Amino acid sequence: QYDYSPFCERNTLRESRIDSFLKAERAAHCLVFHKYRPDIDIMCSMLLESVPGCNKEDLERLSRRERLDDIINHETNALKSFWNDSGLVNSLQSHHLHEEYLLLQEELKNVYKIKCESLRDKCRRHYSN
Amino acid sequence: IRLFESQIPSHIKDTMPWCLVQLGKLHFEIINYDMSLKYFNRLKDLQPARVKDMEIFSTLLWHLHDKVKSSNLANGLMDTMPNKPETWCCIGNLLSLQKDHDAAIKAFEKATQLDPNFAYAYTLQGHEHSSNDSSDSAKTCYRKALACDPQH
Amino acid sequence: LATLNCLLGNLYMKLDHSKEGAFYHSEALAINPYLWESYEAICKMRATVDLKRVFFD
Amino acid sequence: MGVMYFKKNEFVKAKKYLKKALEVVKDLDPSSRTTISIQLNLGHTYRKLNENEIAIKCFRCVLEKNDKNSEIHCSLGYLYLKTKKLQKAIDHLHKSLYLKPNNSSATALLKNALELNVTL
Amino acid sequence: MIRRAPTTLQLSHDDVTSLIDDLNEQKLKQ
Amino acid sequence: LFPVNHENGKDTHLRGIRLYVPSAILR
(Lines give C-alpha, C1' and ligand atoms only; values in the text may rest on other atoms or scores of the structure.)
Protein backbone atom coordinates (compact mmCIF):
# COMPACT_ATOMS: atom_id res chain seq x y z
CA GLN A 1 0.00 0.00 0.00
CA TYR A 2 1.23 3.47 -0.92
CA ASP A 3 3.18 5.04 1.94
CA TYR A 4 2.17 8.55 3.00
CA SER A 5 3.69 8.79 6.48
CA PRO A 6 6.49 11.30 5.66
CA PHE A 7 4.12 13.64 3.81
CA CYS A 8 2.24 14.26 7.07
CA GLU A 9 3.25 13.22 10.59
CA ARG A 10 -0.43 12.58 11.25
CA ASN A 11 -0.65 8.82 10.83
CA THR A 12 -3.96 9.13 8.96
CA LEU A 13 -4.54 11.13 5.79
CA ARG A 14 -7.96 11.48 4.19
CA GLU A 15 -8.26 9.64 0.91
CA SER A 16 -8.77 12.82 -1.15
CA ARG A 17 -5.28 13.99 -0.25
CA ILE A 18 -3.92 10.48 -0.84
CA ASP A 19 -4.60 10.63 -4.58
CA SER A 20 -3.98 14.38 -4.56
CA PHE A 21 -0.41 13.79 -3.42
CA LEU A 22 0.02 10.55 -5.38
CA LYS A 23 -1.03 12.03 -8.71
CA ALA A 24 0.92 15.20 -7.94
CA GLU A 25 4.12 13.38 -7.00
CA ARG A 26 4.27 11.02 -9.98
CA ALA A 27 4.01 13.69 -12.68
CA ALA A 28 6.40 15.94 -10.77
CA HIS A 29 8.99 13.17 -10.98
CA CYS A 30 7.85 12.45 -14.54
CA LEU A 31 8.77 16.02 -15.51
CA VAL A 32 12.23 15.79 -13.93
CA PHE A 33 12.86 12.18 -14.94
CA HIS A 34 11.31 12.53 -18.42
CA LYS A 35 12.06 15.88 -20.06
CA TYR A 36 5.71 3.96 -11.32
CA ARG A 37 5.86 4.74 -7.60
CA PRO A 38 8.05 7.05 -5.50
CA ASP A 39 8.62 4.56 -2.69
CA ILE A 40 9.94 1.81 -4.99
CA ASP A 41 12.79 3.94 -6.33
CA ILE A 42 14.28 7.41 -5.83
CA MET A 43 17.59 7.03 -7.69
CA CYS A 44 18.35 8.59 -11.08
CA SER A 45 37.88 15.19 -14.50
CA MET A 46 36.25 18.48 -13.53
CA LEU A 47 33.82 18.03 -10.65
CA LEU A 48 31.45 20.85 -11.63
CA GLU A 49 28.58 19.30 -13.57
CA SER A 50 26.46 22.32 -14.45
CA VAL A 51 26.14 26.08 -14.07
CA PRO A 52 22.99 27.96 -15.16
CA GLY A 53 23.67 29.44 -18.57
CA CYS A 54 26.86 27.36 -18.92
CA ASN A 55 27.08 24.96 -21.86
CA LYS A 56 29.47 22.04 -22.20
CA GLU A 57 31.96 24.17 -24.14
CA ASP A 58 31.90 26.85 -21.43
CA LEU A 59 32.63 24.11 -18.90
CA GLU A 60 35.59 22.94 -20.99
CA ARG A 61 37.13 26.41 -21.24
CA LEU A 62 36.82 26.58 -17.45
CA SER A 63 38.88 23.39 -17.15
CA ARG A 64 41.52 25.19 -19.24
CA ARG A 65 41.26 28.24 -16.93
CA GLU A 66 39.97 30.44 -19.76
CA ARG A 67 24.61 37.66 -41.78
CA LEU A 68 20.92 37.20 -41.00
CA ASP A 69 21.47 33.54 -40.14
CA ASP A 70 24.46 34.34 -37.91
CA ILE A 71 22.59 36.91 -35.82
CA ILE A 72 19.68 34.46 -35.49
CA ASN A 73 22.18 32.00 -34.05
CA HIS A 74 23.20 34.75 -31.62
CA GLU A 75 19.49 35.53 -31.18
CA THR A 76 18.77 31.98 -29.99
CA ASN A 77 22.12 31.65 -28.19
CA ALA A 78 21.44 34.68 -25.99
CA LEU A 79 18.08 33.27 -24.88
CA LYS A 80 19.52 29.77 -24.41
CA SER A 81 21.71 30.92 -21.52
CA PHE A 82 19.24 33.30 -19.90
CA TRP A 83 16.19 31.00 -20.05
CA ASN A 84 18.11 27.92 -18.79
CA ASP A 85 17.46 25.73 -21.85
CA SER A 86 13.79 26.56 -22.34
CA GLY A 87 12.07 24.56 -25.05
CA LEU A 88 9.53 27.23 -26.00
CA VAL A 89 12.07 29.32 -27.94
CA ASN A 90 11.91 27.03 -30.97
CA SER A 91 8.12 27.48 -31.00
CA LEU A 92 8.42 31.28 -30.89
CA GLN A 93 7.90 33.12 -34.16
CA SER A 94 11.12 34.61 -35.52
CA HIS A 95 10.02 38.25 -35.45
CA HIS A 96 8.88 37.71 -31.85
CA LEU A 97 12.48 37.01 -30.80
CA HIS A 98 13.65 40.50 -31.79
CA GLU A 99 11.63 42.59 -29.32
CA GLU A 100 12.41 40.16 -26.50
CA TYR A 101 16.10 40.46 -27.40
CA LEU A 102 16.16 44.26 -27.30
CA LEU A 103 14.38 44.22 -23.94
CA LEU A 104 16.96 41.72 -22.66
CA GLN A 105 20.10 43.87 -22.78
CA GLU A 106 18.13 47.07 -22.09
CA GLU A 107 16.93 45.42 -18.89
CA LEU A 108 20.38 43.86 -18.44
CA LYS A 109 22.24 47.16 -18.83
CA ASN A 110 20.05 48.74 -16.14
CA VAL A 111 21.46 46.16 -13.72
CA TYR A 112 25.02 47.33 -14.46
CA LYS A 113 24.29 50.88 -13.27
CA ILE A 114 22.52 49.60 -10.14
CA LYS A 115 25.28 47.07 -9.44
CA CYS A 116 27.86 49.85 -9.88
CA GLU A 117 29.62 63.49 -0.13
CA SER A 118 30.59 66.48 1.98
CA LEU A 119 31.41 65.84 5.64
CA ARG A 120 28.60 67.99 7.05
CA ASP A 121 25.90 66.44 4.87
CA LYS A 122 26.90 62.77 5.13
CA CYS A 123 26.93 62.85 8.94
CA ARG A 124 23.17 63.55 8.95
CA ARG A 125 22.28 60.20 7.38
CA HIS A 126 23.47 58.35 10.49
CA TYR A 127 21.86 60.78 12.95
CA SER A 128 18.45 60.54 11.25
CA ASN A 129 18.59 56.74 10.92
CA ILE B 1 58.57 60.77 29.62
CA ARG B 2 61.95 60.16 31.26
CA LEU B 3 61.30 56.41 31.01
CA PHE B 4 60.57 56.90 27.30
CA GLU B 5 63.86 58.78 26.98
CA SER B 6 65.92 56.20 28.89
CA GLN B 7 64.21 52.80 28.97
CA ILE B 8 62.71 52.88 25.45
CA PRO B 9 64.87 52.38 22.34
CA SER B 10 64.36 55.05 19.70
CA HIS B 11 63.52 52.55 16.95
CA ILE B 12 60.73 51.10 19.09
CA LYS B 13 59.60 54.55 20.25
CA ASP B 14 59.21 56.12 16.80
CA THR B 15 57.62 53.04 15.17
CA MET B 16 55.19 51.81 17.83
CA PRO B 17 51.74 53.35 17.19
CA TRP B 18 50.54 52.62 20.73
CA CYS B 19 53.65 54.26 22.15
CA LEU B 20 52.94 57.27 19.93
CA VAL B 21 49.41 57.42 21.34
CA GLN B 22 50.70 57.18 24.90
CA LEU B 23 53.39 59.84 24.43
CA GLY B 24 50.94 62.20 22.73
CA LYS B 25 48.40 61.82 25.53
CA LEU B 26 51.16 62.25 28.12
CA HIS B 27 52.46 65.45 26.53
CA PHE B 28 48.87 66.69 26.38
CA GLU B 29 48.59 66.07 30.13
CA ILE B 30 51.70 68.24 30.62
CA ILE B 31 50.05 70.77 28.28
CA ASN B 32 52.81 70.39 25.67
CA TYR B 33 50.75 71.13 22.59
CA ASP B 34 53.54 71.49 20.03
CA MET B 35 55.15 68.20 21.08
CA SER B 36 52.03 66.04 20.69
CA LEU B 37 50.94 67.19 17.22
CA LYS B 38 54.11 66.20 15.36
CA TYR B 39 53.85 62.66 16.75
CA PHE B 40 50.10 62.32 16.20
CA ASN B 41 50.85 63.26 12.59
CA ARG B 42 53.36 60.41 12.48
CA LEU B 43 50.65 58.18 13.95
CA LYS B 44 48.25 59.18 11.17
CA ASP B 45 51.04 58.56 8.64
CA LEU B 46 51.53 55.02 9.96
CA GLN B 47 47.77 54.38 9.60
CA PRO B 48 45.04 56.93 8.79
CA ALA B 49 42.00 54.69 9.30
CA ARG B 50 42.37 54.05 13.04
CA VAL B 51 39.87 55.21 15.65
CA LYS B 52 40.98 53.83 19.06
CA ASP B 53 41.21 57.27 20.70
CA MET B 54 41.15 60.34 18.44
CA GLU B 55 39.38 62.14 21.30
CA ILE B 56 42.79 63.44 22.41
CA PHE B 57 43.67 64.56 18.88
CA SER B 58 40.32 66.32 18.49
CA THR B 59 40.79 68.12 21.81
CA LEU B 60 44.29 69.24 20.81
CA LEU B 61 43.29 70.27 17.31
CA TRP B 62 40.37 72.36 18.54
CA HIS B 63 42.95 74.33 20.52
CA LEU B 64 45.25 74.62 17.50
CA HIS B 65 42.34 75.82 15.30
CA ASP B 66 43.50 73.78 12.29
CA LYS B 67 40.16 73.40 10.55
CA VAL B 68 41.37 71.52 7.46
CA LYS B 69 43.14 68.76 9.40
CA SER B 70 40.03 68.33 11.54
CA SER B 71 37.86 68.09 8.42
CA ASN B 72 40.09 65.45 6.84
CA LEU B 73 40.27 63.40 10.04
CA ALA B 74 36.51 63.54 10.64
CA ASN B 75 35.84 62.51 7.04
CA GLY B 76 38.16 59.52 7.25
CA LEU B 77 37.08 58.42 10.72
CA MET B 78 33.35 58.45 10.00
CA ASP B 79 33.84 56.87 6.56
CA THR B 80 35.64 54.00 8.29
CA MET B 81 33.53 53.52 11.45
CA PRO B 82 30.14 55.27 11.56
CA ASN B 83 29.11 53.74 14.90
CA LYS B 84 32.25 54.51 16.90
CA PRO B 85 31.54 57.29 19.44
CA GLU B 86 35.04 58.73 18.93
CA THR B 87 34.23 59.68 15.34
CA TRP B 88 31.07 61.48 16.43
CA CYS B 89 32.83 63.29 19.27
CA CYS B 90 35.54 64.42 16.84
CA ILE B 91 32.82 65.65 14.48
CA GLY B 92 31.15 67.57 17.31
CA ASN B 93 34.50 69.03 18.36
CA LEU B 94 34.96 70.23 14.78
CA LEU B 95 31.46 71.72 14.80
CA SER B 96 32.13 73.56 18.06
CA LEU B 97 35.42 74.76 16.57
CA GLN B 98 33.55 76.20 13.58
CA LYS B 99 30.87 78.23 15.39
CA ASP B 100 27.48 76.53 15.72
CA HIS B 101 27.14 74.38 18.83
CA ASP B 102 23.53 73.16 19.18
CA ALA B 103 24.12 70.61 16.43
CA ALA B 104 27.42 69.86 18.19
CA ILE B 105 25.42 69.07 21.34
CA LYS B 106 23.11 66.83 19.31
CA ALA B 107 26.10 65.06 17.76
CA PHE B 108 27.64 64.57 21.20
CA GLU B 109 24.46 63.12 22.70
CA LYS B 110 24.14 60.82 19.69
CA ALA B 111 27.74 59.72 20.30
CA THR B 112 26.80 58.96 23.90
CA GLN B 113 23.77 56.93 22.85
CA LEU B 114 26.08 54.82 20.70
CA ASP B 115 27.97 53.92 23.89
CA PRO B 116 26.49 54.95 27.26
CA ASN B 117 29.80 54.04 28.94
CA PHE B 118 31.96 56.67 27.17
CA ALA B 119 32.72 59.26 29.86
CA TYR B 120 34.85 61.61 27.76
CA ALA B 121 31.94 62.31 25.41
CA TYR B 122 29.88 63.29 28.46
CA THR B 123 32.60 65.59 29.79
CA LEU B 124 33.09 67.18 26.36
CA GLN B 125 29.33 67.79 26.34
CA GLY B 126 29.60 69.42 29.76
CA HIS B 127 32.53 71.62 28.79
CA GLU B 128 30.73 72.71 25.62
CA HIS B 129 27.57 73.54 27.58
CA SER B 130 29.54 76.33 29.27
CA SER B 131 29.80 78.00 25.85
CA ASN B 132 25.97 78.04 25.80
CA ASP B 133 25.93 80.35 28.85
CA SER B 134 23.76 77.64 30.45
CA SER B 135 24.75 76.13 33.80
CA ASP B 136 21.97 73.76 34.91
CA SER B 137 22.28 71.63 31.78
CA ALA B 138 26.06 71.98 32.03
CA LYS B 139 26.02 70.99 35.71
CA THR B 140 23.85 67.93 35.11
CA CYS B 141 26.03 66.89 32.18
CA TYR B 142 29.17 67.33 34.30
CA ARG B 143 27.70 65.13 37.04
CA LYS B 144 26.70 62.49 34.49
CA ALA B 145 30.21 62.70 33.02
CA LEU B 146 31.86 62.14 36.40
CA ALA B 147 29.47 59.25 37.03
CA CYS B 148 30.86 57.29 34.08
CA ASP B 149 34.53 57.84 34.95
CA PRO B 150 35.11 58.02 38.73
CA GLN B 151 38.65 59.39 38.26
CA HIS B 152 38.24 62.26 35.81
CA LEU C 1 44.44 28.91 34.56
CA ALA C 2 45.90 32.07 32.99
CA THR C 3 42.70 32.97 31.13
CA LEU C 4 40.11 31.74 33.65
CA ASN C 5 41.24 34.13 36.39
CA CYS C 6 41.44 37.17 34.10
CA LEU C 7 38.00 36.36 32.69
CA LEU C 8 36.61 36.08 36.22
CA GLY C 9 38.24 39.41 37.07
CA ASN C 10 36.59 40.94 34.00
CA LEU C 11 33.26 39.55 35.21
CA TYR C 12 33.84 41.18 38.60
CA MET C 13 34.69 44.40 36.78
CA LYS C 14 31.35 44.21 34.97
CA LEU C 15 29.72 43.58 38.37
CA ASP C 16 31.57 46.70 39.68
CA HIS C 17 33.39 44.57 42.27
CA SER C 18 36.98 45.69 42.72
CA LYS C 19 38.87 44.03 45.58
CA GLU C 20 38.46 40.34 44.74
CA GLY C 21 38.48 41.25 41.06
CA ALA C 22 41.82 42.92 41.72
CA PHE C 23 43.24 39.87 43.49
CA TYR C 24 42.04 37.49 40.78
CA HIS C 25 43.49 39.74 38.07
CA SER C 26 46.78 39.82 39.98
CA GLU C 27 46.78 36.02 40.23
CA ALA C 28 46.11 35.71 36.49
CA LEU C 29 48.97 38.11 35.75
CA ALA C 30 51.24 36.15 38.10
CA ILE C 31 50.42 32.97 36.18
CA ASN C 32 51.74 34.53 32.96
CA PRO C 33 53.28 38.03 32.77
CA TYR C 34 52.53 38.48 29.04
CA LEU C 35 48.75 38.58 29.43
CA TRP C 36 48.70 42.40 29.49
CA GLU C 37 44.97 42.73 30.10
CA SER C 38 45.24 41.81 33.76
CA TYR C 39 47.67 44.70 34.10
CA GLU C 40 45.36 47.02 32.15
CA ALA C 41 42.39 46.09 34.36
CA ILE C 42 44.52 46.57 37.48
CA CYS C 43 45.71 49.99 36.31
CA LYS C 44 42.15 51.04 35.49
CA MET C 45 41.11 49.96 39.01
CA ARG C 46 44.11 51.67 40.68
CA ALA C 47 45.37 48.47 42.33
CA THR C 48 49.02 47.90 43.26
CA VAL C 49 51.20 45.12 41.83
CA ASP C 50 54.79 44.13 42.63
CA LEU C 51 55.89 44.28 39.00
CA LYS C 52 59.57 43.64 39.73
CA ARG C 53 58.79 40.47 41.69
CA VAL C 54 56.14 39.04 39.39
CA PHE C 55 57.96 39.87 36.15
CA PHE C 56 61.40 38.68 37.25
CA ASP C 57 59.97 35.69 39.12
CA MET D 1 5.99 41.64 59.95
CA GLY D 2 9.46 43.16 59.69
CA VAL D 3 8.16 46.15 57.73
CA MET D 4 5.31 46.84 60.15
CA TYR D 5 7.57 46.57 63.20
CA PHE D 6 9.96 48.96 61.45
CA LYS D 7 7.09 51.39 60.86
CA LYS D 8 6.12 51.01 64.53
CA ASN D 9 9.62 52.28 65.44
CA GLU D 10 10.37 48.87 66.98
CA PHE D 11 13.40 47.76 65.00
CA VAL D 12 14.76 44.90 67.12
CA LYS D 13 11.94 42.44 66.42
CA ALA D 14 11.69 43.67 62.83
CA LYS D 15 15.37 42.78 62.47
CA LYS D 16 14.88 39.25 63.80
CA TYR D 17 11.78 38.63 61.67
CA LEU D 18 13.53 39.84 58.52
CA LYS D 19 16.53 37.68 59.46
CA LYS D 20 14.17 34.70 59.68
CA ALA D 21 12.66 35.65 56.32
CA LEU D 22 16.13 35.81 54.77
CA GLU D 23 17.28 32.50 56.24
CA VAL D 24 14.11 30.75 55.06
CA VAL D 25 14.59 32.05 51.49
CA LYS D 26 18.41 31.97 51.63
CA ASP D 27 18.78 28.49 50.15
CA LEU D 28 16.45 28.88 47.14
CA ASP D 29 15.51 31.44 44.47
CA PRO D 30 18.01 34.32 44.80
CA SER D 31 16.12 36.07 41.99
CA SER D 32 12.39 36.83 41.50
CA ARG D 33 11.97 40.13 43.36
CA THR D 34 11.75 38.37 46.76
CA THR D 35 15.34 38.18 48.01
CA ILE D 36 15.74 41.72 46.65
CA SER D 37 12.98 43.10 48.87
CA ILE D 38 14.13 41.01 51.85
CA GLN D 39 17.71 42.25 51.62
CA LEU D 40 16.69 45.85 50.92
CA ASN D 41 14.38 46.02 53.93
CA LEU D 42 17.01 44.30 56.09
CA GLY D 43 19.64 46.82 55.01
CA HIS D 44 17.26 49.68 55.78
CA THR D 45 16.61 48.22 59.24
CA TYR D 46 20.35 47.88 59.92
CA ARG D 47 21.01 51.44 58.77
CA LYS D 48 18.22 52.57 61.11
CA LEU D 49 19.66 50.20 63.74
CA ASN D 50 22.91 52.25 63.38
CA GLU D 51 24.92 49.12 62.46
CA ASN D 52 26.41 49.89 59.06
CA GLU D 53 28.75 47.06 58.01
CA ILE D 54 26.14 44.37 57.36
CA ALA D 55 23.82 47.00 55.88
CA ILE D 56 26.53 47.95 53.38
CA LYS D 57 27.09 44.25 52.64
CA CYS D 58 23.40 43.63 51.90
CA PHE D 59 23.14 46.82 49.84
CA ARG D 60 26.16 45.68 47.82
CA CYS D 61 24.49 42.30 47.30
CA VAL D 62 21.26 43.84 45.99
CA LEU D 63 23.25 46.28 43.83
CA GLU D 64 24.96 43.22 42.35
CA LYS D 65 21.56 41.65 41.70
CA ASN D 66 20.16 44.96 40.38
CA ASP D 67 22.20 47.94 39.18
CA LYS D 68 19.30 49.96 37.72
CA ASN D 69 18.22 51.40 41.09
CA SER D 70 18.63 55.07 42.01
CA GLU D 71 17.33 54.53 45.55
CA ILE D 72 19.96 51.85 46.16
CA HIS D 73 22.77 54.15 45.03
CA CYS D 74 21.41 56.97 47.19
CA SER D 75 21.40 54.56 50.14
CA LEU D 76 25.00 53.53 49.45
CA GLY D 77 25.98 57.19 49.29
CA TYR D 78 24.22 57.72 52.62
CA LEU D 79 25.99 54.78 54.26
CA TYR D 80 29.41 55.69 52.88
CA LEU D 81 29.08 59.34 53.93
CA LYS D 82 28.01 58.16 57.38
CA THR D 83 31.45 56.54 57.50
CA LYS D 84 34.59 58.29 56.17
CA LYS D 85 34.60 56.42 52.83
CA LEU D 86 34.17 59.59 50.80
CA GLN D 87 35.38 58.22 47.46
CA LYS D 88 32.80 55.42 47.46
CA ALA D 89 30.15 57.89 48.64
CA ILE D 90 30.77 60.32 45.78
CA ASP D 91 31.07 57.48 43.26
CA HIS D 92 27.72 55.96 44.22
CA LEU D 93 26.15 59.42 44.41
CA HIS D 94 27.33 60.29 40.89
CA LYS D 95 25.99 56.91 39.79
CA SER D 96 22.62 57.85 41.31
CA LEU D 97 22.61 61.22 39.52
CA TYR D 98 23.38 59.33 36.31
CA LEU D 99 20.46 57.00 37.04
CA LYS D 100 18.17 59.94 37.86
CA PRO D 101 19.49 63.47 37.19
CA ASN D 102 16.67 65.19 39.11
CA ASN D 103 17.18 63.97 42.67
CA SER D 104 16.33 66.35 45.51
CA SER D 105 18.56 65.18 48.37
CA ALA D 106 21.40 63.90 46.18
CA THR D 107 22.46 67.42 45.17
CA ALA D 108 22.91 68.48 48.80
CA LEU D 109 24.65 65.20 49.63
CA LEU D 110 27.06 65.73 46.72
CA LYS D 111 27.78 69.31 47.81
CA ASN D 112 28.46 68.20 51.39
CA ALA D 113 30.62 65.26 50.28
CA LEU D 114 32.69 67.46 47.95
CA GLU D 115 33.13 70.11 50.65
CA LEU D 116 34.22 67.49 53.19
CA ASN D 117 36.62 65.86 50.72
CA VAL D 118 38.21 69.20 49.84
CA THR D 119 38.51 70.19 53.51
CA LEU D 120 40.09 66.76 54.13
CA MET E 1 -1.94 32.87 43.09
CA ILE E 2 -1.23 36.55 42.38
CA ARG E 3 1.36 37.31 45.05
CA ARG E 4 1.49 40.97 46.04
CA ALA E 5 4.76 42.80 45.49
CA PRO E 6 6.41 42.98 48.94
CA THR E 7 6.57 46.47 50.39
CA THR E 8 10.02 48.09 50.34
CA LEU E 9 11.58 50.50 52.83
CA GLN E 10 12.48 54.01 51.66
CA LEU E 11 15.26 56.36 52.76
CA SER E 12 13.43 59.33 54.28
CA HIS E 13 14.52 62.95 53.89
CA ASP E 14 14.32 63.65 57.63
CA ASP E 15 16.96 61.07 58.56
CA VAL E 16 19.36 62.20 55.82
CA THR E 17 18.87 65.83 56.89
CA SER E 18 19.66 64.81 60.47
CA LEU E 19 22.79 62.94 59.36
CA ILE E 20 24.10 65.78 57.19
CA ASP E 21 23.51 68.22 60.06
CA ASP E 22 25.31 65.93 62.52
CA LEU E 23 28.19 65.78 60.05
CA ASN E 24 28.21 69.59 59.92
CA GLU E 25 28.65 69.94 63.68
CA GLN E 26 31.11 67.03 63.54
CA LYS E 27 33.40 68.94 61.18
CA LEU E 28 32.75 72.15 63.13
CA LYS E 29 33.95 70.41 66.31
CA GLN E 30 37.68 70.35 65.48
CA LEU F 1 3.16 100.67 20.44
CA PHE F 2 3.48 101.06 16.66
CA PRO F 3 0.39 103.09 15.75
CA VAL F 4 1.48 104.20 12.25
CA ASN F 5 4.16 103.38 9.67
CA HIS F 6 6.01 105.36 7.03
CA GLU F 7 4.20 106.54 3.87
CA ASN F 8 0.92 105.40 5.48
CA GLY F 9 1.97 101.81 6.04
CA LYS F 10 -0.13 99.01 7.51
CA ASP F 11 2.15 96.48 9.25
CA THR F 12 5.57 96.69 10.87
CA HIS F 13 8.67 94.51 11.14
CA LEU F 14 11.29 94.46 13.89
CA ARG F 15 14.75 93.48 12.68
CA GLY F 16 16.53 93.63 16.04
CA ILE F 17 15.78 94.14 19.71
CA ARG F 18 17.87 93.84 22.86
CA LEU F 19 17.80 94.62 26.57
CA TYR F 20 20.79 95.80 28.60
CA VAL F 21 21.19 95.89 32.39
CA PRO F 22 24.18 96.67 34.65
CA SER F 23 25.46 94.67 37.63
CA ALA F 24 43.76 81.17 29.04
CA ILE F 25 41.20 78.35 29.16
CA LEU F 26 41.17 74.55 29.00
CA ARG F 27 38.91 72.23 27.01
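A, B, C, D, E and F label the chains in the order they appear, each numbered from 1.
In this text, a contact is a pair of C-beta atoms (placed from the backbone, for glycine too) under 8 Å apart; a residue touches a chain by one contact, two chains touch by 3 or more.
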Hey, how far apart are subunit D and subunit F in touch steps, shortest way?
2
Please give the intersection of the contact partners of subunit C with those of subunit F.
none
Which chain maximises the distance between its CA centroid and that of subunit D?
A
Between subunit C and subunit E, what's the gap in Å when you average each chain's C-alpha atoms?
37
Rounded to a whole Å, what is the gap between the Cα centroids of subunit D and subunit E?
9
So how far apart, in whole Å, are subunit B and subunit F when each is placed at the average of its C-alpha atoms?
41
Where in subunit A do residues touch two or more other chains at once?
none
Of all the residues in subunit E, which ones touch at least 2 other chains?
none
Using the touch definition from the top, which residues of subunit B touch two or more other chains?
none
Which chains touch? The pairs are A-B, B-D, B-F, C-D, D-E
In the complex of these two chains, what residues of subunit D are touching subunit B?
87, 91, 94-95, 97-98, 101, 110
Inside the complex, what are the residues of subunit A that reach subunit B?
119, 122-123, 126-127
Complex contact set, residues of subunit D against subunit C
63-64, 67
Enumerate the contact residues on subunit F facing subunit B in the complex.
27
Give every residue of subunit E touching subunit D within the complex, in rising order.
5-11, 13, 15-16, 19-20, 23-24, 27
